[PDB]
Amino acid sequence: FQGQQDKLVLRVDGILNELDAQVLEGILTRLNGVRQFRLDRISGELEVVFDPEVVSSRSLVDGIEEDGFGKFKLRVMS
């Protein structure tokens, strides 16, 4: 059956147009351990459901930043 599923809530800055959003969605879809996500392109709110046994929140946030080439600024919301 399915495994552990944790959630990470993020504020994303740097989405200036529809192209930037699709770039970000592409990064998330290719990131190992990401199971689902919801992105509001206008507010920058991003929720990510990930398997904590495959990727940690630490590695997940770092991965998006690295894959984004500094275009996206990530802040974790509590």
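We number the residues from 1 along the sequence you see.
Chemist: Taking the C-alpha B-factors as the PDB entry records them, is residue 18 in the lowest, middle or highest third of its chain?
Modeler: Top third by C-alpha B-factor.
Chemist: Please place residue 46 in the lowest, middle or highest third of its chain by C-alpha B factor as given in the entry.
Modeler: Lowest third.
Chemist: Name the third of the chain's ranked CA B-factors that contains residue 9, choosing lowest, middle or highest.
Modeler: Middle third, going by the recorded CA B-factors of the chain.
Chemist: Once the chain's modelled residues are ordered by C-alpha B factor and cut into thirds, is residue 31 in the lowest, middle or highest one?
Modeler: Answer is highest: the recorded C-alpha B-factor places it there.
Chemist: C-alpha B factor of residue 65, ranked within the chain: lowest, middle or highest third?
Modeler: Ranked within chain, residue 65 CA B lands in the middle tercile.
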